[PDB]
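Read the structure below first, then the notes.
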Amino acid sequence: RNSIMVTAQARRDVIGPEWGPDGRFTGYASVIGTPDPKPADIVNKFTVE
Amino acid sequence: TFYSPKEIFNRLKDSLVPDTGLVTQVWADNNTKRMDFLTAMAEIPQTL
Amino acid sequence: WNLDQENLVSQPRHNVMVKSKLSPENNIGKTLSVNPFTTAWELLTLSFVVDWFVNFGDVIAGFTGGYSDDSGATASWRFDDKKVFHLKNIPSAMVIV
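Residue numbers (the authors' numbering), protein chains in the order written: chain X, 50 to 98; chain H, 196 to 243; chain G, 390 to 486.
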């Protein structure tokens, strides 16, 4: 059961691996329409002269 | 959201300051060592 | 900002060092030299040898009077901090400083 916990916690892969061919799903999330884009992650750099 | 790296650098640069306790301790240590050295070299006249 | 940590913590490596020299007042110069003859004894002289030895003796006499020197000290810091912060209730948000 705790193994299934961790499996269900293996979710959050925005769109998890789809439902198994026999429904044998994994940590997975189902999308409705075009998923919302994630904005680009930025970098802030400074140089110590 | 967060600060800019340059602002953080300014904060850190203004924040740095020598530690009085550490400086005092190192003065004490070097003072003890220098007392030992000076006492040790007091016998050079005996060598000559 | 809802950072999981509400206070930025920086751990520097702080250096405190003091060193002194403590040398006397003497003539540690020319006297510290190789044999005036070494391989040049064939210049026959004894007066010059007397001069060398009397200079050495006078130098070794005039060293006791004075003894003092100075010291130096350095204050240093070096940063190597790379911290992370959860957005509170949003671990997906990643902030690296």
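Where a beta carbon is used, it is the ideal one built from N, C-alpha and C, also for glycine.
DSSP-derived helix/strand/coil call for residue i
| i | result |
| --- | --- |
| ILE449(G) | helix |
| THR234(H) | helix |
| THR463(G) | strand |
| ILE479(G) | strand |
Below-8 Å beta-carbon distance, residue i vs any chain G residue
| i | result |
| --- | --- |
| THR215(H) | no |
| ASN225(H) | yes |
| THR242(H) | no |
Nearest-angstrom Cβ-Cβ length linking residue i and residue j, presumed shorter than 8 Å
| i | j | result |
| --- | --- | --- |
| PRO213(H) | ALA464(G) | 4 Å |
| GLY72(X) | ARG60(X) | Actually they do not touch by this definition, with Cβ atoms about 16 Å apart. |
| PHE232(H) | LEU411(G) | 6 Å |
Alpha-carbon to alpha-carbon, residue j and residue i
| i | j | result |
| --- | --- | --- |
| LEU243(H) | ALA223(H) | 32 Å |
| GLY455(G) | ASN226(H) | 20 Å |
| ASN478(G) | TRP390(G) | 12 Å |
| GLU431(G) | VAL423(G) | 16 Å |
CB contact below 8 Å: residue i versus chain X
| i | result |
| --- | --- |
| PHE232(H) | no |
Distance cut-off 7 Å: residue i Cβ against heavy atoms of the ligand MN
| i | result |
| --- | --- |
| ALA57(X) | For the structure depicted, the ligand MN is absent and the ligand set is empty, with no information on it obtainable. |
Proximal residues to residue i (C-beta, below 8 Å), its chain only, five neighbours per side dropped
| i | result |
| --- | --- |
| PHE437(G) | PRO425 |
Chain H contact for residue i (CB, 8 Å cutoff)
| i | result |
| --- | --- |
| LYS87(X) | no |
Contacting residues, own chain, Cβ-Cβ under 6 Å from residue i (five flanking each side not counted)
| i | result |
| --- | --- |
| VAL486(G) | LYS472 |
Under 7 Å from the C-beta of residue i: neighbouring residues of chain B
| i | result |
| --- | --- |
| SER199(H) | No chain B appears in this structure, whose protein chains are X, H and G. |
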